[PDB]
Every structure is written in structure tokens, then in C-alpha cells.
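One letter stands for each residue in the lines below.
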Amino acid sequence: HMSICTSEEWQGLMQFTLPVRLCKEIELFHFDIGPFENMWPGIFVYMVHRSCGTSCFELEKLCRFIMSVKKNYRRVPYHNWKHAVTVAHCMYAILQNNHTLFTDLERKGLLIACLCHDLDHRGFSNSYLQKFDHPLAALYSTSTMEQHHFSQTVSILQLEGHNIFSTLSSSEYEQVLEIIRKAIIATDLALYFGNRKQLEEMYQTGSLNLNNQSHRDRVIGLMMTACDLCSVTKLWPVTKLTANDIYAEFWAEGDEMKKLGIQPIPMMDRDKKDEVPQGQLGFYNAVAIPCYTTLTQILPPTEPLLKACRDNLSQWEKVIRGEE
Ligand SMILES: [Mg+2]
Ligand SMILES: [Zn+2]
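Each residue takes a number counted from 1 along its chain in the order the sequence is written, a numbering that need not match the entry; residues with no coordinates do not appear. All chains are assigned letters beginning at A, and all ligands numbers beginning at 1, according to the order in which they are written. Only hydrogens and water are removed before side-chain values are computed, so all heavy atoms of the structure are retained for them.

The way it works is that DSSP assigns letters per residue, a run of H or I at least four long becomes a helix, a run of E at least two long becomes a strand, and they are numbered from the N terminus. Counting its secondary structure elements, the protein chain contains 15 helices and 0 strands. Over its C-alpha atoms the protein chain spans a radius of gyration of 19 Å, differing by no more than 12% from the 20 Å that the globule rule assigns to 324 residues. Principal-axis analysis of the C-alpha atoms places the extent of the protein chain at approximately 55 × 45 × 40 Å. Relative accessibility thresholds used throughout: buried, under 20% of the residue-type maximum; exposed, over 50%; partly exposed, between the two (1.4 Å probe, protein chains only). For the protein chain, with 324 residues in total, the buried portion stands at 53%. Here a residue-residue contact requires only that any non-hydrogen atoms of the pair lie within 4.5 Å. Taking the contacts inside the protein chain whose residues are at least 6 apart along the sequence as the reference set, 72% of them involve residues at least 24 apart. In the form shown here, the protein chain has an accessible surface area of approximately 15,300 Å², with 52% of it arising from carbon and sulfur atoms. Within the protein chain, the 37 negative side-chain charges are centred at a point lying 2 Å from the centre of the 31 positive side-chain charges. For the radius of gyration, the atom set is restricted to C-alpha positions; the globular benchmark scales as 2.2 Å times the number of residues to the power 0.38. Only the protein chains shown count as cover for residues, and the accessible areas themselves come from Shrake-Rupley with a 1.4 Å probe. Only four residue types enter the charge count, namely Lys and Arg as positive and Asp and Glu as negative; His and the chain termini do not. Charge coordinates come from a single atom per side chain, which is NZ of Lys, CZ of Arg, CG of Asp or CD of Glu.

What follows is the structure in C-alpha cells.
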């Protein structure tokens, strides 16, 4: 049940050279991949090499993994192949600015987990699949699609020559799958709120501590929500265009509810276009600013994410004022 990538796809990826004017701009947080669609797989290659190293993964295997991941993502409006790399790039930019704070096995896990973090997303949220007794929701009582994303991640590895972790020992093999599993479940927004409050509680008292493993996982969890929502940290017109992709997936999910007879939540109602700016304003205050505030407190050189989020909050505030 996994789409195997062709030789022509991953061969052309090995041969790919990164343009020198992108080598500079890849490092910056605000960097928008959007314009360079044909270059995306090779930009993930570059990001792995710059963080982990050239001999980190066997280049032939890594290129099969990437192009088979791309093939397993569906063509929904938002949770798609484009999303995977934008989130994986945010992680890269964080990891670069806090490098020896994490291990090489963590670096391997989090980028790979970011690129696979929404594998085979059907366009539909957890609550929709749970409320209409979907086979996936029966399989996973809490965090439905996130567990499916982790399952699809592990299925890709088990294909012929796709297992990038063959050269690791089985000690570090089950560690990297546990880092990846933990990181992919953290992306379920439901758990972020508890995760943030806890880390805020741990920060202010002074009891937070990086080699305390339980704290380390919460810190990695926050990074995976900061990355998963990183479209709010981009430039203003990029962010406006991305939210239009996000709502297009919400409104299709809301169309499916109106057919069955039950009217959806206003966020997934396409008649409620008027509420969007006020709905964003809420999202930035109760989720986004909070996410990047406690991120900047743990890791000071992830402040640009918080800075550009303040900037985009101002723009969303101005849209309610009637300026735009
Ligand atoms: Mg998700
Ligand atoms: Zn996501």
C-alpha cells in the first residue's frame, strides 16, 4: 500500500546541484520554498547534509526515501508535499541556530520526522474521522492521523533500499524510531496546549533541564508545533496565500458535513468568510504567539519566528480595521 518511486526520479535527485544564490537564503527562518517547486527534494537533501553530514545517509538510499515520501503525499489543498518541506525547513533553521544542543541521532530523526509528519493525509481532521467511525479512528482512539503518519513512515523504510537507518545499530534504530514517533504524535495540536503550559510551568520555576529526558521530549514537541505552524512566521503575502490553502481544506471538510445534515464549525464553514480575520486573530493569540514565545524562552536564537509572528498579527489586526 505504498507508492514506490521510479529510478528516473531519485537518479535526477542525486545529480541535482543546489544553486549558489539559494545556499545563502535556505538558512534564514522566513525563507519561502514555494517558488522553487522542482528543487524541493534536493533542498531537503542539502538540509540533511548541512546539518548531519555528507556520509550521514547513503545518498542512493536517501534519494529513494525522499521521492517515495513525495509520492505517498496526496494532492489536498494544504497538508501535502509542499507542507512537508516548509515544516522540514523550519526545523533545519532551528537546528542550525542551536546545533550542539541536540545529538546527531536527534538531527536525523527530527528532519526525517518533519518530512514525513503528515504522510498520506486524506484532507480530513481527527474529529471528522472519529465522529463517523472511520477504520483509522477505530485503529487509533486518540491522535488518529498522527499514528497513521508514523505507520506510513515506518512502511517506507521497509521497502527495497529505502531504509536509511540500516547502518545504525539496533539500539540507535529503535531510539531514532522513538524520536520520530514521539515527534509525529506531538504534531497533533490537541497535545500542544498541555505541552506548552507544562514547559511554561517548567521554565518559570527554573526546573527545566535539557538532559532530563522527559523535558527534552517536551522541548522537541514544542519545536514540532512551531515548525508545523511555521507558515505564520513567513512574510505577509506568503502567509495570506498559505492560510487560503488551509481554509480551502477546511471548507471542503465542511462541505462534506452539510451533505450529511450537520452544519460544521465556523472555521470549516465557507459561508463564514467574514469571520476569518477574527478567527485568525484568535488563533495567533491562543496558539501561535504562545507557541513561539515559549520557544524563544527555551531557545533564544529562534526569536525571528516570534518576531515575524508579531508582524503578521499586526497585519491580521489591520484587516479587521478595514485596511488590508
Ligand atoms: Mg497533522
Ligand atoms: Zn502538519
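This part takes up the coordination of the zinc ion (ligand 2). Donor criterion used throughout: N, O or S atom within 2.8 Å of the metal, extended to 3.2 Å for Na, K and Ca. Water excluded; incomplete-looking sites may result. The protein atoms that coordinate the zinc ion (ligand 2) are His-83 (NE2), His-117 (NE2), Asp-118 (OD) and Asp-228 (OD), at distances of 2.0 to 2.4 Å. Angles of 80 to 165° at the metal separate the 4 donor atoms of the zinc ion (ligand 2), which places the site in the irregular class. Spacing between the donor residues of the zinc ion (ligand 2) along the chain follows H-x33-H-D-x109-D. Here the zinc ion (ligand 2) and the magnesium ion (ligand 1) are spaced 4.0 Å apart, and both take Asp-118 as a donor. Taken together, the positions of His-83 in helix α5 (residues 81–97) and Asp-118 in the loop between α6 (104–115) and α7 (126–131) put the pair 35 residues apart, joining distant regions of the chain. Note on geometry labels: four donors, all angles 85 to 135 degrees, give tetrahedral; four donors become square planar and six octahedral when opposite donors are over 155 degrees apart and every other angle is between 65 and 115; remaining cases are irregular.

In this structure, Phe-44, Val-69, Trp-81, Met-91, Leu-115, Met-223 and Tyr-292 are the most contacted members of the largest nonpolar core, which totals 98 residues. Per-element accounting of this core gives the leading share, 11 residues, to α5. The set of buried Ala, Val, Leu, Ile, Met, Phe, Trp, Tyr and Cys residues whose side-chain atoms join them within 4.5 Å is what this entry labels a nonpolar core. Within the second largest apolar cluster, 5 residues are counted, among which are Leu-129, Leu-136, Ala-137 and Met-145.

In this section: helix α9 (residues 144–157). Working rule for helices: expected span equals 1.5 Å times residues minus one. When the terminal C-alpha atoms of α9 are compared, their 21 Å separation across 14 residues agrees well with the 20 Å that a helix rising 1.5 Å per residue should span. Taken residue by residue, α9 has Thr-144, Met-145, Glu-146, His-148, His-149, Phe-150, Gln-152, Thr-153, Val-154, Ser-155, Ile-156 and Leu-157 as its buried positions. If you follow the buried residues of α9, they end up packed against α4 (59–72), α7, α8 (135–139) and α10 (170–186).

In this section: the side chain of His-148. Turning to its location among the elements, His-148 is positioned in helix α9. Residue classification places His-148 among the buried residues on the basis of a relative accessible area of 10%. Setting aside chain neighbours within four positions, we find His-148 in contact with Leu-119, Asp-120, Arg-122, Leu-136 and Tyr-140.

What follows is about the UniProt feature "active site" in the protein chain. Feature annotation in UniProt assigns "active site" to the following positions: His-79. Note that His-79 resides in the loop between α4 and α5. Residue classification places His-79 among the buried positions, given a relative accessible area of 17%. Not counting residues up to four positions away in its chain, the partners in contact with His-79 are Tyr-73, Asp-118, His-121 and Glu-249. Polar contacts, as used here, are pairs of N or O atoms within 3.5 Å; protein pairs need one atom able to donate a hydrogen and one able to accept it. Residues neighboring in sequence count only if both atoms are side-chain atoms. Polar side-chain contacts of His-79 include one of 2.7 Å to the side chain of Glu-249. UniProt positions are given in the numbering used here, feature names are shortened, and annotations may be inferred rather than shown by experiment.

The subject of this paragraph is the packing of helix α12 (residues 213–228) against helix α14 (residues 276–298). Viewed as axis vectors pointing N to C, α12 and α14 meet at an angle of 135°, and their least axial separation amounts to 10 Å. The angle between α12 and α14 places the two elements in the oblique class. Note that α12 runs across α14; the crossing there is left-handed. Taken together, the residues of α14 that come into contact with α12 (itself represented by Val-219, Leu-222, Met-223, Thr-225 and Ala-226) are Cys-291, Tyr-292, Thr-294, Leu-295 and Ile-298. Residues are grouped as follows: nonpolar covers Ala, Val, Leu, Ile, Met, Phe, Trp, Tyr, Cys and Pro; charged covers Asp, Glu, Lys and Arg; every other residue, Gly included, is treated as polar. Tallied by class, residues from the contact of α12 with α14 come to 8 nonpolar, 2 polar and no charged. For helices, the fitted axis covers only the stretch in contact; all axes are lines through C-alpha atoms, and the angles between them, taken along N-to-C directions, range from 0 to 180 degrees. Angle categories: roughly parallel below 35 degrees, roughly antiparallel above 145, roughly perpendicular from 65 to 115, and oblique for all the rest. When the near helix sits turned anticlockwise from the far one by under a right angle, the crossing is termed left-handed; a clockwise turn instead gives a right-handed crossing.

For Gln-96, the location among the structural elements is in helix α5. By relative accessible area, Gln-96 is classed as partly exposed at 25%. When the C-alpha atoms of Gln-96 and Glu-27 are compared, they prove to be 7.8 Å apart, with 69 residues separating the residues in sequence. Sequence-distant contacts of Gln-96, defined by excluding residues within four places in its chain, comprise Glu-27, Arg-50 and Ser-51.

When the sulfur atoms of two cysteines come within 2.5 Å, that pair is taken as a disulfide. Taken as a whole, this structure holds 0 disulfides when the rule is applied. Of all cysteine sulfurs in the structure, the one in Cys-5 sits closest to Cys-63, which takes part in no disulfide; the separation is 9.1 Å.

Another aspect to go through is the environment of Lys-234. Within the fold, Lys-234 resides in the loop between α12 and α13 (236–260). Residues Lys-234 and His-30, spaced 204 residues apart in sequence, show a C-alpha to C-alpha distance of 4.7 Å.

This part takes up a nonpolar patch on the surface. A patch is a set of surface residues, each over 30% in relative accessible area and not in a salt bridge, joined within 9 Å for like charges and within 5 Å for the nonpolar side chains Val, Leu, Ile, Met, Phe, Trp and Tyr. Take a side-chain nitrogen of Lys or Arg and a carboxyl oxygen of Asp or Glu: if they are within 4 Å of each other, that pair is a salt bridge. On the surface, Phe-132, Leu-260 and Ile-262 cluster together into a nonpolar patch covering about 280 Å² of accessible area. Take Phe-132: it is sitting in the loop between α7 and α8.

Moving on: the side chain of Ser-231. The topology assignment puts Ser-231 in the loop between α12 and α13. Every residue in contact with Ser-231, bar those within four places of it in the chain, is listed here: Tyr-78, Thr-239, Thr-242 and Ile-246.

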